[PDB]
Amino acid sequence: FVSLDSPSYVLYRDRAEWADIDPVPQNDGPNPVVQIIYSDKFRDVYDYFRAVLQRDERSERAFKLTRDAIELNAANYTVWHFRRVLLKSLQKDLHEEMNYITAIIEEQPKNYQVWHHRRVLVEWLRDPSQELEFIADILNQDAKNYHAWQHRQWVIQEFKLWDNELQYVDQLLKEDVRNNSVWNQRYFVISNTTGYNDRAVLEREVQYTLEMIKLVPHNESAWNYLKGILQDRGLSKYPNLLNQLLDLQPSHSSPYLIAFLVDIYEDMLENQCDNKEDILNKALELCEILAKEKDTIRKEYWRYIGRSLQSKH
């Protein structure tokens, strides 16, 4: 009806249709701590919300009242909950509410309550038709919004919408190959569809990642994805990978490559490799280089790895 900043907005204590109900002021105790000096509009709304909640009034006026409480503070989870309680009682049109929550999330996408309210609506309607597009728009404003990606994984999983997600991943990686949220989605999609056990899928993934590394050698995400898709089997189980990384050595060296080499040696030693002394020595040299020169911020970690390698092999 009338927005909180609308020129004809009227305080609740002045609305005739609300005169029958007494407002419930918030009791902070005689000596208030962390006491917020609320604006008159804010307090006014919350004094009435407190009253309807207390009376558990499932009315249409209470329902509209929650919209104002939400504009005043969209993080008030109690208001959102009571609102969901009203959507059910009043049997409100959920597609209407979907439009509302779509608007809300657009203004403030970094909020836990709003994304949850949307999820509840989608579950109630068992209708996911709008999700991937809406999320894609939010992600279009912040390609890394955590809640956006989380809600997205949920809808895809719950409603089996796997079909186009890998193309989506590829498009976003094209836009920003450093977007870690996208590399994460890539893992999510693949492990939940074809899996990585299919050697053809694994090779495709390893080739793709290596290409990305060669284009942007210092992009950490690609390096992390590469170790991520190979670590479960063991890095020493892919003998060609060592040689290929060593080739990149001069022309593409970086703390990431050197670190990856240590990981490989780590696993090799762990797996009864030949030349244990040689590999141990190569690995220890790298730990020293990373600790003293190439990755000094992680000196303590690299020194620790060096000591581990020595106590084990």
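The first residue of the shown sequence is 1; numbering continues from there.
- Looking at 248 to 256 and 40 to 48 together, the entry lists the larger mean B-factor for 248 to 256, computed on C-alpha atoms.
- The question of which stretch, 147 to 155 or 196 to 204, has the higher mean Cα B factor is settled in favour of 196 to 204.
- Annotation for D263: CA B-factor lies in the lowest third of the chain's modelled residues.
- Ranked against the other modelled residues of its chain, the C-alpha B-factor of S8 as given in the entry falls in the middle third.
- The PDB entry assigns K292 a C-alpha temperature factor belonging to the middle third of its chain's modelled residues.
- Among the modelled residues of its chain, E131 has a C-alpha B-factor that falls in the middle third, as given in the PDB entry.
- Among all modelled residues in this chain, the alpha-carbon of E220 has a temperature factor (C-alpha) in the lowest third.
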